[PDB]
Structure formats: structure tokens, C-alpha cells
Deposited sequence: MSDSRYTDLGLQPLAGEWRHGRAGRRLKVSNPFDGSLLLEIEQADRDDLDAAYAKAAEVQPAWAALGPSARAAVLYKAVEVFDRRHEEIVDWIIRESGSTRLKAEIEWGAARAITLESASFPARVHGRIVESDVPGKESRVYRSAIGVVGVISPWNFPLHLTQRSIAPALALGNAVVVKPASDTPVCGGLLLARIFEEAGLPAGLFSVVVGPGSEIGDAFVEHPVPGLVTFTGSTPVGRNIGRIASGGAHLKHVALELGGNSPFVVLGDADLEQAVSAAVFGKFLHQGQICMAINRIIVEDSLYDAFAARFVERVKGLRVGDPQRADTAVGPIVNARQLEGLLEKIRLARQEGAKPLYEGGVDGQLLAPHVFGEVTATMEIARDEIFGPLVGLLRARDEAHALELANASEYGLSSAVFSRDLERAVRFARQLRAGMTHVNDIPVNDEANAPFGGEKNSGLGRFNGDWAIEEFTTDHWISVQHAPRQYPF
């Protein structure tokens, strides 16, 4: 509406906006200057029990509504997204240290997910199945799961939270969100305000703000949520997976784990395009952690890549021209610095070191990386990339599949037939070729089938 959202420290629990009863206060501050953005009263485990319980009670009435009723809320949320565009973008930059450019991408991503979700309630349908038994009719009913528990990473909190929240709500579920302690308003707390403006009924969307462990395990172990979704690093996902499966209550778990993702430049690839795609993939629009180039193109690629990375300007994330911004928190920045010293100890040739200034970590580029080295093996959420030499195309394929855990991939070759043949051999789920979600996915994920066979005359 008119003025910016206020009292954001208040968290939405069990249909009311209130303080948490922990008696411990979380401080949320800007990574660039350290200035305090707000303070939050943290939530108890009993605060968690009220949010899950209210979600289970209010959800059936929500799902009972017509698809137009539920679609109306999602459509209204898009209006708020347009009205509060700068205020949303400003919050991402200040809380996440995100560049103004990346923040704008995230805003469009979350907006796009919301518009696509408004279409989902009309699309979902059940099935009638033929039966051999006389007088028997088989009916399969598609229904909402119930309560969905969503855990948000610090990495791209607004978009990744919305990627689960918007389809789950549209399909008639209730959501309880645990955001990252560094980015509580960006994940869930701001989105909760937006859905209230959209008219989502109270109790359907609750955000619980608490410490990562102690409350984190209680979040996964709870009996109420039918599905728990997490996107983030592999060590956290591995623990979340064991809690969901190991615990007395077994809950369906959806785990999207970041992995080292290969960017492959074959010999015929156009050099400039490959260099530009690498620069924008690693340092501007986020999925690239390793660059593998055939030997014929390696030295030229490394030279031009390193020169152009030198041009990238580290600075205040609020500026549109800024390409690299501050790391979100100290623990993440320290982990990156530990990787940089490790990369030197491994024996990587250091092509460019830009230094660390406070939270700002300038790009660090390494060459002569091998598959065994840690920089190639493990996921990096920072401006640190290693360059690998490939003897031939087959060797490049061996190196690319070596990372094993990868979300996305890229292949660059002048021959599209060869590139696709290479791309299909990759172990990754995504591959982009010579670069310059699904409704069906969401519908299966956030709904369950019930088979009902009826015998009459």
C-alpha cells in the first residue's frame, strides 16, 4: 500500500504477530557496514508447537475453498510484489549483502513463481481407473498434503523460500517456515507480510525464528508436517535427512543440495562467449563452481578470464554498478578464507588474488586445479573459482563427472551435436549448452493421491 512495512521484528505465529517467548533477542545487521537493521525476540519450542498446531487446524478450511478463492490470493500477492518492488529489493541487499543486480533477479524469480502458482489450483485433477472386477470403480483423489515445513538457506532466502511457499499454499497446504538466522525477514518474515496483504487466512503461514540447532531438530521431528523441504549445503541436508528418516516420526523430505557444478569449455568453443558466460555465471548471476577447458583453449581462456575478472568491481552492494558484494556472515567468510589458504597448500597456481576487506572478499582465481583438490571437490558459495586443464574431450567428461554432487552444468562447443552428446553423458540434472519451476513438479510434490475403490451392483 502506502508506507513501508513496519515492526518487522514481530513474527507471525499461530495467526497472530507477536514476540517470541525465548527471552533471547536475535540481532539482524547489514553485512556491508555492520549497521543494525532490527532485533527479534526468538521463539520457543512451545512457540513452534503453536505454529504447527494452528497450521493443521486452519488448513482443511483453506483447502476446502474453491480453486478461484486460492488462486485469488496468489494473484493478489503478485500485486503487492509490484507495489513493494523497491522495498523488497532494498531488504534483500541490506540483509543478505546481495548486489542490487542479484537482488533484482531474485525479486523477479519470486514474482514469477507466484504468478505460475496462481495457475496451479485449476490444473490439479484426480483420476478414474478401470477395474476388472464387475461393478467396481477405481477413483484416485488428489489432495493437499496438509502442513509443509520449509527451511530457508541464507544464500538466496527470498526466492528459495517462495519456490516452496507459493505452490504449497496455492495447492491448499499450510506452511511453517524456519528461515536462516542471518536472513529472517528475507525468508518468510517479509513473505508472511506480503501474503497477509494478499488476504491469506491467519494461521496458514507461520514463521518461527530460532537458533539453528536445538530448535532445528525439533522442526524436522515434529509429527504435524507431512512434508519438509530444505535447500542448502550438503552437511546440513545430511543431518536433516537423518532426522526425518531416523526419527520416530518419519516424514517425507525434499532435499535440494548445492554441489560443485562444472562449466566445460571444449576445443571448438568460441573463446569470448565461453569467457563471458563464465564471468557472469560465477560472479554475476549466482551455477558454476569449476571451469574445465581443453588444453588447446586453456591458456587463452585463463588469460582472458583473469583479465576480465580484474575488471569486476567490489564495492557497496546498493550500487547498480557493483559486481561483488559483502559475504553475509563471518562464519561463511572464514570458511572461504580457509579454502583460499588450502588451495595454495594443495599446489594450485594462484592466477588472481583480490584480497579481503572486511566482509568484502574480492575474486580469487586459481589455475592448474585437479579433480582431487578440495576446490574442485566441494561446493563454494563465494567468489572463488578454480580452473582445470583437460587433455581431450573424454578427459573433460571424466573431470566433470568427478564432482558427483552437482545441481547444474554447462558445456561449450561450436558443434552443437557434439555438445549435446557430451551434455547427455553428464551426471547432472541440468545442463546449459552455449548459453550467452514445472507445474507438474510442484503438483506431485505438494499433493498426495488417495485410491478409493467402490463396489456397487
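Any chance you could give me the deposited-sequence numbering of all the stretches lacking C-alphas? No coordinates exist for the deposited residues in 1, 288-292, 443-462, 484-489, so these stretches are absent from the model.
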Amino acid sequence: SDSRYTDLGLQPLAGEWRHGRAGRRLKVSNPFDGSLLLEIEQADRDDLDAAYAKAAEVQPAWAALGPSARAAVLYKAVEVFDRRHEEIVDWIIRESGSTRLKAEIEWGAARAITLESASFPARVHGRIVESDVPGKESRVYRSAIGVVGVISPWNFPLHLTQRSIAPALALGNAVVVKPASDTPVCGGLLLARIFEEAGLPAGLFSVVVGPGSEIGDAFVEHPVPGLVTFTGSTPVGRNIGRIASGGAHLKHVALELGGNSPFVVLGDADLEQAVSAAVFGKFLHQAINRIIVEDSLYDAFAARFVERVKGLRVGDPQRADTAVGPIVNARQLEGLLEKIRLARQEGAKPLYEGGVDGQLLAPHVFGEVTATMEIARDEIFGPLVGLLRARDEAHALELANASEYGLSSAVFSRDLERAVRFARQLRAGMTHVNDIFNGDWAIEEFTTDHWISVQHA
From here on, numbers count along this sequence of modelled residues.
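If you take the mean CA temperature factor per stretch, which one wins between 324-332 and 238-246? Per the PDB entry, the higher value belongs to 238-246.
Higher-scoring stretch by recorded Cα B factor average, 142-150 or 105-113: For C-alpha atoms only, the mean B-factor is higher in 142-150.
Can you tell me which of 164, 155, 370, 98 has the maximum CA B-factor listed in the PDB entry? The C-alpha B-factor peaks, among 164, 155, 370, 98, at 155.
According to the deposited entry, which of 122, 287, 74, 340 has the largest Cα B-factor? Reading the PDB entry, the winner on C-alpha B-factor is 287.
CA B-factor ranking of residue 398, expressed as a third of its chain: According to the entry, residue 398 has a C-alpha B-factor in the chain's lowest third.
Taking the C-alpha B-factors as the PDB entry records them, is residue 429 in the lowest, middle or highest third of its chain? Its C-alpha B-factor, which the entry lists for residue 429, ranks in the lowest third among residues of this chain.
How does residue 443 rank on Cα B-factor within its chain, lowest, middle or highest third? Residue 443: CA B-factor falls in the lowest third of its chain.
Compared with the other modelled residues in the chain, in which third is the CA B-factor of residue 56? Within its chain, residue 56 is a lowest-third residue by C-alpha B-factor, going by the deposited values.
What third of its chain, lowest, middle or highest, does the C-alpha temperature factor of residue 209 fall into? Within its chain, residue 209 is a middle-third residue by C-alpha B-factor, going by the deposited values.
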